[PDB]
Amino acid sequence: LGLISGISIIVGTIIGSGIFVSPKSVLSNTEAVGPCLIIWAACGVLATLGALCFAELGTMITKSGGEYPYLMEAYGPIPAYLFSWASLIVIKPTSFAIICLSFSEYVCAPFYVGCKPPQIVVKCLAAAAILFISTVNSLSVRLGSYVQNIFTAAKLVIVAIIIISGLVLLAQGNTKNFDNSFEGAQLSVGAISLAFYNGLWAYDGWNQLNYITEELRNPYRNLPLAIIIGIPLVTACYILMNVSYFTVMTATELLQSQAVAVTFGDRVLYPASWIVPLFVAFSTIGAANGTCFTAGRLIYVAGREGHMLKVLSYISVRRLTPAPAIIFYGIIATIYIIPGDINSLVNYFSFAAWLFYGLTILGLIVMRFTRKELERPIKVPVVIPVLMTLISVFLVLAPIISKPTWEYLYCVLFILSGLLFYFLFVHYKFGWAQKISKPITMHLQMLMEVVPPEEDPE
Amino acid sequence: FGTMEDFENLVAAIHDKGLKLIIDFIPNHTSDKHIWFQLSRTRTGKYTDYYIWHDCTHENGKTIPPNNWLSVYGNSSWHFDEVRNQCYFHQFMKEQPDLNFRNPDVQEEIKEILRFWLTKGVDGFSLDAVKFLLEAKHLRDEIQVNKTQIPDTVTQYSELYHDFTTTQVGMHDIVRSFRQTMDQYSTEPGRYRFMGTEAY
Ligand SMILES: CCCCCCCCCCCCCCCCCC(=O)OC[C@H](COP(=O)(O)O)OC(=O)CCCCCCCCCCCCCCCCC
Ligand SMILES: CCCCCCCCCCCCCCCCCC(=O)OC[C@H](COP(=O)(O)O)OC(=O)CCCCCCCCCCCCCCCCC
Ligand SMILES: *[C@@H]1O[C@H](CO)[C@@H](O[C@@H]2O[C@H](CO)[C@@H](O)[C@H](O)[C@H]2NC(C)=O)[C@H](O)[C@H]1NC(C)=O
Ligand SMILES: *[C@@H]1O[C@H](CO)[C@@H](O[C@@H]2O[C@H](CO)[C@@H](O)[C@H](O)[C@H]2NC(C)=O)[C@H](O)[C@H]1NC(C)=O
Ligand SMILES: [Ca+2]
């Protein structure tokens, strides 16, 4: 991989299902077109400054996991344990639930042309996509990656159709909706901070660019150069897709819409309007098939320290798959869609994710005073992790001060539920702990035929 | 009522509150100051058959009409034009000459007016006086309600049976072709175009 194929993996990773669901909720909180395009550009700066700080932490430590070896080196075991606990029950199953809910919005929308589908149909189709992907990835480990490259080709084509056909309409003079773009707006701290939750969901994947883009021809120079080129170029493709939405829709017509890109393909591509519900539905289960490849990597490295159960990250003897972890993620993601509702799972996801993005980037500054003499090949200027940890407390405190809903209580109580399990199973190892953990591991071993992975740390 | 910019600001403001807008449409007749009628009575081009013209015997201040047909507001429905030296038909008033809907150039001009307002963003139309669209081309006299009445005193509209001037064969097909013109602007979901007719 050179430099050009280094920035191509960055563009393919960061373009996901977010740009097809998020424009409604950014406009719902900043009610004008003008502020709606500033938040889409300011989210691409938070993704670029955030990925640069993770690029320094990735070369300084050089250990597998996620943010788990980064938090242990800075604070110790207690924030490292809470990240392994919150990524098990909060972060990873909600990400699997938002994607499978976004798949069922785009299948059910062309059948209910001028009205909404009922909530029983979008939820019973989303649960059928969770249980289909959780069994396909639990049987046929290599089948998920043969279809993975035609699911990325279907994603970039339908993005390039919307961008190009929007610049053609912009040249003909369909620019009336941009005329008064700053009249009627919100400088409330809860309207802007939730508009940042939905824009930054469309950039999901900037914190895992380290592990796959460090097998390059010349690292420590081409990795921070692929981030400065790659993530601002997807920021240009996200602004140009919102510009294309506002050539055929008013800001009121976009709020009164079920899926935003079906409404685009119904006013532009008229005799072939079904290609937009077809290509987005392919690209969305490909984004859910891709998150089941990663099942078991953090669970293995957290269980090696005693911070996670060891019956998870076991491997099936036939069909060599991480079957106890894939089944565990499919069960919690199915529970999450019964209360359901994208715009209520994105707030639940972004509150726990940005609490631990903020603790990790703060650990970059703590390790500049505590963990010197540690050979940093990449070294960002100090003003970049300071701004990224000041926005990270603005994105945590401002929804729970100004617009408090019930998900910010159910997310805090699920993270502090793990702090009880630290002090009974890790810090104060008692007697009754391992005689619950060992018969459960023994009986789930004969049920699923799963063994320890004949392996080493790597 | 304002300008065209005042209308375009009203359509945008109506849509921003979730409302819809339907307007009236008058297909049956124009004014005598319309540019089609000023070219019709000089026999200019294709406009010669845009209105219904027939010969008559107007001399010393009185016209002899081609039949006994009456206007709705009540006198003869034929009025003599001095430039054309013929008589034209009108269902309502002498300042409202009727369009000739047996001419396919007239029906194409009406479809361009429908496409003009649907492009501006109007959500529908109410069609007025659709039963007065076609008349019988045999031009025979109506039947009087009172058959012993002398025909020089029959001047009120309620004194004739209007079998040849309302609801003729082919009138419902003209209304159905208007519905097909608006169907090209209704293929988008949520932007169906309404059509209502007023026949009282
Ligand atoms: C209401 C809120 C709570 C809801 C809880 C609902 C629980 C329902 C469990 C449903 C499990 C469904 C499993 C079947 C999915 C098959 C997916 C697949 O492809 O498998 C391939 C895999 C391949 O096998 P092959 O066909 O032999 O190749 O097949 C299986 O592994 C089937 C084994 C079923 C696994 C069941 C796991 C259930 C674990 C429950 C443990 C509970 C312990 C609690 C103890 C607490 C003590 C304090
Ligand atoms: C196939 C899917 C099922 C298989 C995987 C799940 C296992 C099923 C049983 C679940 C746990 C049963 C009780 C705990 C038993 C072990 C306790 C212990 O002493 O740990 C020692 C354990 C080490 O045991 P070792 O693996 O034997 O070394 O220490 C820890 O791992 C500390 C971390 C505890 C992690 C707890 C994980 C809880 C999973 C269930 C979460 C429930 C909430 C779901 C979401 C709410 C609704 C949305
Ligand atoms: C046509 O109808 C008009 C009514 O608008 C008649 O004109 C005059 O009507 C008033 C009543 O409002 C009478 O007092 C006048 O005597 C009418 N004028 C004349 C000259 O008689 C008119 O008579 C009707 N007929 C014609 C042929 O014009
Ligand atoms: C209208 O019809 C009537 C009968 O259908 C005609 O005859 C008149 O009828 C009334 C009824 O009582 C008599 O009082 C009159 O003597 C009749 N003769 C007349 C008015 O000459 C009548 O002629 C018809 N025409 C009009 C204009 O009324
Ligand atoms: Ca007529």
Side-chain angles (χ1 to χ4, degrees), chain A residues 77-78 80-94 96-97 127 130-141 143-144 292 295-296 298-340 345 348 352 407 410-411 413-415 417-452, chain B residues 144-156 158-159:
Chain A
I78 308 180
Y81 173 76
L82 286 178
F83 173 67
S84 127
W85 168 253
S87 139
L88 174 85
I89 65 150
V90 175
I91 293 176
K92 285 255 186 47
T94 311
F96 191 38
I130 283 175
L131 299 190
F132 173 70
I133 291 166
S134 297
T135 62
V136 157
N137 276 121
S138 177
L139 286 170
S140 191
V141 56
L143 183 66
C292 297
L298 163 62
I299 313 222
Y300 170 64
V301 74
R304 222 173 46 217
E305 329 285 350
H307 290 289
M308 192 33 74
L309 277 156
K310 269 185 167 135
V311 66
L312 301 153
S313 75
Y314 275 173
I315 301 301
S316 223
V317 285
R318 340 172 199 277
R319 304 155 165 154
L320 280 296
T321 50
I326 303 171
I327 290 178
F328 187 82
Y329 282 140
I331 288 181
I332 313 294
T334 306
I335 292 173
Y336 276 157
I337 69 175
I338 311 295
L345 283 181
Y348 183 80
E407 301 122 3
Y410 292 135
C411 184
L413 266 67
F414 280 3
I415 290 160
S417 188
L419 212 50
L420 168 81
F421 292 157
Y422 178 76
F423 282 106
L424 305 171
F425 304 132
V426 172
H427 188 269
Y428 298 179
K429 294 187 122 227
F430 295 124
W432 52 269
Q434 59 99 38
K435 359 196 290 184
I436 298 172
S437 176
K438 286 190 182 296
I440 288 176
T441 305
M442 183 182 73
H443 282 304
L444 281 168
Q445 185 141 13
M446 288 172 287
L447 191 71
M448 295 186 269
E449 14 178 357
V450 287
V451 286
Chain B
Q144 310 181 178
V145 180
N146 199 341
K147 288 182 185 45
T148 79
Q149 188 176 351
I150 303 301
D152 287 330
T153 78
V154 187
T155 50
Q156 311 284 333
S158 50
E159 287 166 345

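Reckoned from all heavy atoms, side chains included, excluding hydrogens, waters and symmetry mates. As the structure lists them, so they are numbered: ligands from 1, and atoms in each ligand from 1. In what follows, chains are A, B, ... by sequence order, proteins preceding strands, each numbered from 1.
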Just by distance, do the side chain of [X] and the backbone of [Y] share a donor-acceptor pair under 3.5 Å?
{"X": "A:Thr334", "Y": "A:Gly330", "result": "yes"}
{"X": "B:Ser158", "Y": "B:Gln156", "result": "no"}
{"X": "A:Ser437", "Y": "A:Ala433", "result": "no"}

Is A:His307 close enough to touch ligand 2? Criterion: a residue heavy atom under 4.0 Å from a ligand atom.
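It does; at least one heavy atom falls under 4.0 Å.
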With the threshold set at under 4.0 angstrom, would you say A:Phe421 reaches ligand 2 through any of its heavy atoms?
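In this structure, A:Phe421 fails to qualify as a contact of ligand 2 - no heavy atom is under 4.0 Å.
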Over 12 foreign heavy atoms within 6.0 Å of OH, A:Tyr428
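At most 12 heavy atoms, drawn from other residues, nucleotides or ligands, come within 6.0 Å of this atom.
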Other residues, nucleotides, ligands: >12 heavy atoms within 6.0 Å of B:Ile150 CD1
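No.
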Residue contacts for ligand 1, heavy atom to ligand atom, distance under 4.0 Å
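Ligand 1 pocket, heavy atoms under 4.0 Å: A:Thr135, A:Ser138, A:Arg319, A:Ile327, A:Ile335, A:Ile440, A:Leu444, A:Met448, A:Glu449.
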Give the contacting part of A:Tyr422 toward ligand 2: side chain, backbone, both or neither, where contact means a heavy-atom distance below 4.0 Å.
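It is neither; nothing of A:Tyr422 touches ligand 2.
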Tabulated below should be the N or O atoms of ligand 4 paired with protein N or O atoms at under 3.5 Å; can you produce that?
from, atom 1, to, atom 2, distance (Å)
ligand 4, 2 (O), B:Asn146, OD1, 2.8
ligand 4, 2 (O), B:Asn146, ND2, 2.4
ligand 4, 25 (N), B:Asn146, ND2, 2.9

Given ring-ring contact (aromatic ring centres under 6.0 Å, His included), test A:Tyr81 with A:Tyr422 step by step and report yes or no.
CA-CA 8 Å; A:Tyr81 173 76; A:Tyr422 178 76; 5.5 Å; yes
Would A:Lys310 count as being in polar contact with ligand 2, using the rule that some N or O on each side must be under 3.5 angstrom apart?
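Yes; the residue has a nitrogen or oxygen that sits under 3.5 Å from a nitrogen or oxygen of the ligand.
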Indicate yes or no: does an N/O atom of A:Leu309 lie under 3.5 Å from an N/O atom of ligand 2?
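Indeed, backbone or side chain, A:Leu309 has an N or O that close.
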What are the two closest non-hydrogen atoms of [X] and [Y], and how far apart are they?
{"X": "B:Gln149", "Y": "B:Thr153", "result": "NE2-OG1, 3.0 Å"}
{"X": "A:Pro93", "Y": "A:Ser87", "result": "CD-O, 4.2 Å"}
{"X": "B:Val154", "Y": "B:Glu159", "result": "CA-OE1, 3.3 Å"}
{"X": "A:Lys310", "Y": "A:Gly303", "result": "CE-O, 3.4 Å"}
{"X": "A:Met308", "Y": "A:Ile299", "result": "CG-CG2, 3.8 Å"}

List every atom of ligand 2 that sits less than 4.0 Å from any heavy atom of [X], numbering the atoms from 1 in the order shown and giving each element.
{"X": "A:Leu312", "result": "5 (C)"}
{"X": "A:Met308", "result": "31 (O)"}
{"X": "A:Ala433", "result": "19 (O)"}

Where does the angle between the aromatic ring planes of A:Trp85 and A:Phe421 fall among parallel (under 30°), tilted (30 to 60°) and perpendicular (over 60°)?
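A:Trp85 and A:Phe421: perpendicular rings.
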Identified side chain to side chain contact (heavy atoms under 4.5 Å, CB included) counterpart of A:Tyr336 within the set A:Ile331, A:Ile130, A:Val90
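One option only clears the test, and that one is A:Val90.
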